[PDB]
Structures are given as structure tokens and as C-alpha cells.
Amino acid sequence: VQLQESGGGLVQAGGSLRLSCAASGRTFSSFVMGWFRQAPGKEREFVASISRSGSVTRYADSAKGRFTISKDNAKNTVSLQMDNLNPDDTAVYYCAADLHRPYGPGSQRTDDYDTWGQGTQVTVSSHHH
């Protein structure tokens, strides 16, 4: 099972982006998927996760009330809608899958995820000029 992100890039402050992440390879079923982010010189941190069913989600404080995680189990893709971005959201965003977890949303711990994407760079310029 491999994961590939798309949708990152440079965006104006207050703009919005939708990241997506698609699974490929021999798949057994649907699985827990999550989003993490990491800026240079900083620890990788939780952003959002969703259950194998798609029914239940979790969000980091940073994402609450601005970002929305969703998934399409038919395509085994997960998406992060990111509204009202500001420069502090600048980071590389990584999608991840937990293939073990049969119940509940994804953990907030990086160590619980089997599979990682290569990341997509998101840069939020400030509004100036």
C-alpha cells in the first residue's frame, strides 16, 4: 500500500486549498487515514484523522473550525479542505494510514501509522503588497 499527496503549493493569505492523498497497491479494505504537518526544524505534528468508515473525525486545535477532513472509501483517498489559511499554516503536509486500527478515528501519535506519503509543500504568503 502506497500513498501519494497532491494539491499543495503557494497560496495567498486567507485563501483555501484542498489537499488530497490517494492510495495505490494491493489493498485489503478501507483504513484509518490522517494528516500531519512539519515545518523546517520543527517536530511533525497531528492535523486531522478519520475512521476506516469515514464516520468519525478528529482535529488538532490548529485545524478546528477551519479544516475539514473527508475520505472516499471507493477510491481509498483522503482529503483535507483548508479554509482561511494564514502564514503560520506554512508546512509540508503528509498523509498517513493506519492499517491496523479497525475501530475509531486515527491516533494523534505519528508512531501509530504504518504508511506515509512523501508530503506536499504548502506555503501561505502574507497579504502584504
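Throughout, we count residues from 1 along the sequence that is shown.
Averaged over their C-alpha atoms, the temperature factors of 22 to 30 and 62 to 70 are higher for 22 to 30. In this entry, 37 to 45 has the higher mean Cα B-factor, the comparison being between 37 to 45 and 90 to 98.
Per the PDB entry, 76 shows the highest C-alpha temperature factor of the residues 81, 76, 84, 51. For residue 107, the recorded CA B-factor ranks within the middle third of the chain. Only modelled residues enter the ranking. Per the PDB record, residue ranking by Cα B-factor puts residue 124 in the middle third of the chain.
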